[PDB]
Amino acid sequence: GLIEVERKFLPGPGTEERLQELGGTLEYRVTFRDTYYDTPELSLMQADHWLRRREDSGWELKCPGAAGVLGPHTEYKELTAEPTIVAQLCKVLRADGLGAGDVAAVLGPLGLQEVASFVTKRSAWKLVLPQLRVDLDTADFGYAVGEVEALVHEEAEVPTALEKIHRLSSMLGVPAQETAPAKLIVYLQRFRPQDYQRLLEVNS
């Protein structure tokens, strides 16, 4: 139950320089491979849940922290304990008690399948005020996207995190009303358009 509060944006030529000028430091660069999973009907995505396997690492379910109330794609609790990931997968897909301690065992009984696997290179920036993060991601299919991010522990901490993230974003030059899609979504646009389209359709 670590809570990610986030705002994606398309980085510009001056993004990194502005981050430096604000006292930000580049903490690490990292390449990782992620495989995303869903049912044929895309039940998780439609529920704004995001299941992936970080290759060589472990599983993660992103669970929306304020569905309905907040605008979408703003707040996620990141589940990494597999017994909890399973419990929650069964909850959203409406399967019963499976008796499952692990996701791999749960994949077939729940009708979950691989929908994407791709490599990302990340530059991870921190701002040391108690801290904000700015990840700059370039996926292996050419899409560059950024994310201003706060990690909190309490849902009570979320309104403040939002304000902080909104304010950092302005200072980086991101128009109040700009949005940018997740890497996964540009992946579907490019390689599985029929899935991208069904997601825009059913979301109307």
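Numbering starts at 1 and runs along the sequence shown.
- The modelled chain is continuous from residue 104 to residue 105, since every residue of the deposited sequence in that stretch has coordinates.
- Look at the mean CA B-factor for 115-123 and for 71-79 in the entry; the higher one is 71-79.
- Looking at mean Cα B-factors across 32-40 and 174-182, the upper value is held by 174-182.
- Among the modelled residues of its chain, residue 66 has a C-alpha B-factor that falls in the highest third, as given in the PDB entry.
- In the deposited entry, the Cα temperature factor of residue 153 sits in the top third of values across the chain's modelled residues.
- Ranked by Cα temperature factor within the chain, residue 138 sits in the lowest third according to the deposited record.
- Residue-level temperature factors show residue 147 in the lowest third of its chain, judged at the C-alpha atom.
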